[PDB]
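Asker: Here it is, the structure in full.
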Amino acid sequence: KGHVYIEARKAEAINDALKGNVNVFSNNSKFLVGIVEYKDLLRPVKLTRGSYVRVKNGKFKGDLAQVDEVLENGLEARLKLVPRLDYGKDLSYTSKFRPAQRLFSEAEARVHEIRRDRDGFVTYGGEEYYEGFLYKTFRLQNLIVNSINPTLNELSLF
DNA sequence: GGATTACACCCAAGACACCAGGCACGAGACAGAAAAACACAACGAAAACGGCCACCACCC
């Protein structure tokens, strides 16, 4: 970030390539690059099913999960979460007023608030609930699969 | 007119003496920096922001 490279053959060529630009610090702060480093400036640079992942988007941010099914297009990956639902207690959400999490129990939703499709698979307000676990189409940008440090609650649960 | 004879001296060999180029070291005043400059108390008053992007949203 903040570093811009221009491939020229003379210093004044770089000067005029960066001249006439207001998005450039007025200083001519330019440094040469070693032969080995030339290719190092253009180097471009772990998502598996059953991989423990966390969410960062919308209301369910910061919730660990399991990647369930990846779409053929390669942009959206299904997740297995522990729902955070209110059972119609205050329906008449964000990432700061959210109550705690708990696996879907069909009995509670039936008693308080529901189209049963298969055994354990419940479609509730556009949400997929398999065996009490939250299923929804999560965009790959919304999820973290690398560098996840499991917490105490995850050891207790996972 | 050259050698030869008779002879004056004097100057180079030999002993012990000297100059200035630069080189190590003082310090030099410049400047340039810092760096601190009363006690106690009372009152009122105002106090971060851009772009971000799911999400609700509207007409299509």
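Note on naming: chains are A, B, ... as they come in the structure tokens, residues start from 1 per chain, ligands start from 1 in the order shown.
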Give me, as a ChimeraX atom specification, all polymer residues having an atom no more than 7 Å from residue 120 of chain A, counting only C-alpha atoms (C1' of nucleotides) and skipping those fewer than 6 positions away in the same chain.
Answerer: /A:130-132
Asker: Could the residues in this selection be saved with C-alpha atoms as a PDB file, in the first residue's frame?
Answerer:
ATOM      1  CA  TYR A 130     -30.703 -28.868   9.828  1.00  0.00           C
ATOM      2  CA  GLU A 131     -30.559 -30.900  13.062  1.00  0.00           C
ATOM      3  CA  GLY A 132     -30.823 -27.695  15.086  1.00  0.00           C
TER       4      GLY A 132
END
Asker: For chain B, work out the contacting residues on chain A at 12 Å, counting only C-alpha atoms (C1' of nucleotides), and write them as an MDAnalysis selection string.
Answerer: chainID A and resid 56:59 93:94 138:139 141:142
Asker: So how far away is atom CA of residue 133 of chain A from atom CA of residue 102 of chain A, in Å?
Answerer: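 According to the coordinates, atom CA of residue 102 of chain A and atom CA of residue 133 of chain A are separated by 8.7 Å.
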Asker: At a cut-off of 12 Å, using only C-alpha atoms (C1' of nucleotides), what residues contact residue 140 of chain A? Leave out same-chain residues fewer than 2 positions from it and give the result as a ChimeraX atom specification.
Answerer: /A:47,53-57,67,69-71,73-79,137-138,142-145
Asker: May I ask for the distance between atom CA of residue 60 of chain A and atom CA of residue 83 of chain A, given in Å to one decimal place?
Answerer: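 Separation between atom CA of residue 60 of chain A and atom CA of residue 83 of chain A: 8.7 Å.
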Asker: Quote the spacing between atom CA of residue 84 of chain A and atom CA of residue 72 of chain A in Å to one decimal place.
Answerer: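 Going from atom CA of residue 84 of chain A over to atom CA of residue 72 of chain A covers 28.2 Å.
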Asker: Just list as a VMD selection string whatever in segment 21-149 of chain A DSSP marks as alpha helix (DSSP H).
Answerer: chain A and resid 35 to 40 106 to 112
Asker: With a distance cut-off of 12 Å and only C-alpha atoms (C1' of nucleotides), select the neighbouring residues of residue 29 of chain A, excluding the residue or stretch itself and same-chain residues fewer than 5 positions from it, and output the selection as a ChimeraX atom specification.
Answerer: /A:2-5,11,14-15,18,24
Asker: Restricted to N, CA and C atoms, what would the selected residues look like written as a PDB file, in the first residue's frame?
Answerer:
ATOM      1  N   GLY A   2       0.458   2.249  -0.774  1.00  0.00           N
ATOM      2  CA  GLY A   2       1.165   3.511  -0.849  1.00  0.00           C
ATOM      3  C   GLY A   2       2.395   3.505  -1.727  1.00  0.00           C
ATOM      4  N   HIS A   3       2.812   2.345  -2.223  1.00  0.00           N
ATOM      5  CA  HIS A   3       3.991   2.218  -3.067  1.00  0.00           C
ATOM      6  C   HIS A   3       3.533   1.968  -4.495  1.00  0.00           C
ATOM      7  N   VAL A   4       4.055   2.751  -5.431  1.00  0.00           N
ATOM      8  CA  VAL A   4       3.685   2.648  -6.835  1.00  0.00           C
ATOM      9  C   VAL A   4       4.957   2.450  -7.643  1.00  0.00           C
ATOM     10  N   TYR A   5       4.921   1.500  -8.571  1.00  0.00           N
ATOM     11  CA  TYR A   5       6.053   1.183  -9.428  1.00  0.00           C
ATOM     12  C   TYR A   5       5.686   1.496 -10.871  1.00  0.00           C
ATOM     13  N   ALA A  11      15.237   7.914 -15.348  1.00  0.00           N
ATOM     14  CA  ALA A  11      14.630   8.532 -14.175  1.00  0.00           C
ATOM     15  C   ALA A  11      13.623   9.601 -14.577  1.00  0.00           C
ATOM     16  N   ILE A  14      10.306   8.115 -15.435  1.00  0.00           N
ATOM     17  CA  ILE A  14       9.477   7.899 -14.253  1.00  0.00           C
ATOM     18  C   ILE A  14       8.910   9.222 -13.758  1.00  0.00           C
ATOM     19  N   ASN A  15       9.717  10.282 -13.807  1.00  0.00           N
ATOM     20  CA  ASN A  15       9.255  11.582 -13.337  1.00  0.00           C
ATOM     21  C   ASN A  15       8.030  12.036 -14.120  1.00  0.00           C
ATOM     22  N   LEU A  18       4.917   9.904 -13.399  1.00  0.00           N
ATOM     23  CA  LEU A  18       4.264  10.331 -12.170  1.00  0.00           C
ATOM     24  C   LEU A  18       3.964  11.826 -12.143  1.00  0.00           C
ATOM     25  N   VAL A  24      -0.152  11.884  -5.828  1.00  0.00           N
ATOM     26  CA  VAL A  24       1.218  11.481  -5.544  1.00  0.00           C
ATOM     27  C   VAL A  24       1.837  12.520  -4.623  1.00  0.00           C
TER      28      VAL A  24
END
Asker: With only C-alpha atoms (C1' of nucleotides) as the counted atoms, please give the residues lying no more than 12 Å from segment 38-41 of chain A, apart from itself and same-chain residues fewer than 2 positions off, as a ChimeraX atom specification.
Answerer: /A:3-7,32-36,43-45
Asker: Could you pull out the strand (DSSP E or B) residues of chain A, going by DSSP on the backbone, and write them as a PDB file with C-alpha atoms, in the first residue's frame?
Answerer:
ATOM      1  CA  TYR A  52     -14.332 -24.624  11.204  1.00  0.00           C
ATOM      2  CA  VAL A  53     -14.986 -21.040  10.100  1.00  0.00           C
ATOM      3  CA  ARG A  54     -16.155 -17.738  11.575  1.00  0.00           C
ATOM      4  CA  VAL A  55     -18.507 -15.044  10.271  1.00  0.00           C
ATOM      5  CA  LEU A  64     -17.819 -19.820  14.409  1.00  0.00           C
ATOM      6  CA  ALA A  65     -19.361 -22.383  12.073  1.00  0.00           C
ATOM      7  CA  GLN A  66     -18.753 -25.305   9.734  1.00  0.00           C
ATOM      8  CA  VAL A  67     -18.703 -24.828   5.966  1.00  0.00           C
ATOM      9  CA  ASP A  68     -21.500 -27.021   4.623  1.00  0.00           C
ATOM     10  CA  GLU A  69     -21.683 -26.756   0.827  1.00  0.00           C
ATOM     11  CA  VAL A  70     -19.834 -24.558  -1.672  1.00  0.00           C
ATOM     12  CA  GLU A  76     -20.994 -18.357  -1.798  1.00  0.00           C
ATOM     13  CA  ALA A  77     -20.378 -21.101   0.780  1.00  0.00           C
ATOM     14  CA  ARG A  78     -23.059 -22.631   2.998  1.00  0.00           C
ATOM     15  CA  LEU A  79     -22.358 -22.600   6.734  1.00  0.00           C
ATOM     16  CA  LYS A  80     -23.489 -24.545   9.799  1.00  0.00           C
ATOM     17  CA  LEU A  81     -24.146 -22.113  12.660  1.00  0.00           C
ATOM     18  CA  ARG A 115     -42.712 -25.575   7.594  1.00  0.00           C
ATOM     19  CA  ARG A 116     -41.155 -28.955   8.357  1.00  0.00           C
ATOM     20  CA  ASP A 117     -39.443 -30.373   5.262  1.00  0.00           C
ATOM     21  CA  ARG A 118     -37.358 -33.316   6.508  1.00  0.00           C
ATOM     22  CA  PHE A 121     -34.498 -29.811   8.423  1.00  0.00           C
ATOM     23  CA  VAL A 122     -36.720 -26.810   9.193  1.00  0.00           C
ATOM     24  CA  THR A 123     -37.370 -23.823   6.916  1.00  0.00           C
ATOM     25  CA  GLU A 128     -32.403 -23.500   6.785  1.00  0.00           C
ATOM     26  CA  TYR A 129     -32.190 -25.364  10.109  1.00  0.00           C
ATOM     27  CA  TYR A 130     -30.703 -28.868   9.828  1.00  0.00           C
ATOM     28  CA  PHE A 133     -27.915 -26.014  13.266  1.00  0.00           C
ATOM     29  CA  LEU A 134     -28.318 -22.793  11.291  1.00  0.00           C
ATOM     30  CA  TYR A 135     -27.817 -23.119   7.525  1.00  0.00           C
ATOM     31  CA  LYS A 136     -27.710 -20.103   5.215  1.00  0.00           C
ATOM     32  CA  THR A 137     -25.958 -19.016   2.036  1.00  0.00           C
ATOM     33  CA  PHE A 138     -22.922 -17.054   3.236  1.00  0.00           C
ATOM     34  CA  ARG A 139     -20.773 -15.072   0.825  1.00  0.00           C
ATOM     35  CA  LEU A 143     -16.276 -15.710   6.271  1.00  0.00           C
ATOM     36  CA  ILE A 144     -12.856 -16.509   7.737  1.00  0.00           C
TER      37      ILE A 144
END
